[PDB]
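Only one chain is given next, in structure tokens, and it is the form deposited in one PDB entry.
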């Protein structure tokens, strides 16, 4: 669980996140670094190269929704399973996403935060964010459990 001081450091950094960029950068990096994930997103059009992925407006728009779900998680850290229940049904029952991929996206988001925040993304701040993304990944996978 996040301690009070962890929750504080998390919310302070999250307040500074560029809401139009960070989500699409995380989703884009997922598709580039773990290319099998592109099979779920073929309908988004051209994902044929790193630059195509990162310049794809559907990736950018979808990434903004993903970021919004993370924001929703951050506002409900004591009830992630309830917050993500319908999303879990989508991702597990309908899409059959392997749950490892939820963990991969969480870790890519952590990489994007480090990228944006540099030295401000300290090891303790990272540790707090790892609890967050682990909780979100677990909540998404709830319908497999």
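Residues that one form lacks are left out of the comparison. Positions refer to the first chain, counted from 1. We call the rigid core whatever largest set of C-alpha positions still superposes within 1.5 Å between the two forms.
> If you average the CA temperature factors over each stretch, which comes out higher, 23-31 or 80-88?
Replying inline: The deposited B-factors put 80-88 ahead on the C-alpha mean.
> Do the C-alpha atoms of 126-134 or of 5-13 have the higher average B factor in the entry?
Replying inline: Stretch with the higher mean C-alpha B-factor: 5-13.
> According to the PDB entry, is the CA B factor of residue 119 in the bottom, middle or top third of its chain, that is, lowest, middle or highest?
Replying inline: Highest third - that is where residue 119 ends up once the chain's C-alpha B-factors are sorted.
>> Splitting the chain's C-alpha B-factors into thirds, which one does residue 103 fall into?
In response: Bottom third by C-alpha B-factor.
Not pictured, yet referred to below: the form deposited in another entry.
>> Quick check on the comparison between the shown form and the other one: with the core aligned, only one of 80, 87, 110, 47 should show a Cα shift of at least 2 Å. Which one is it?
In response: One residue passes the 2 Å cut-off, namely 80.
>> Once both forms sit on the same rigid core, is the C-alpha displacement of residue 68 at or above 2 Å between the shown form and the other one?
In response: Yes, shifts by 2 Å or more.
>> Distance change of 3 Å or more between the C-alpha atoms of residue 75 and residue 136 in the other entry: closer or farther compared with this structure?
In response: It is closer: the C-alpha separation of residue 75 and residue 136 falls by at least 3 Å in the other entry.
> Between residue 14 and residue 82, do the C-alpha atoms lie closer or farther in the other entry than in the shown form, with a difference of 3 angstroms or more?
Replying inline: Relative to the shown form, the pair is closer.
>> Where exactly does the backbone move between the shown form and the other one? Looking for runs of 3+ consecutive residues, each with a CA shift of 2 angstroms or more after core alignment.
In response: Once the cores are aligned, runs 68-75, 77-82 are those whose C-alphas move by at least 2 Å.
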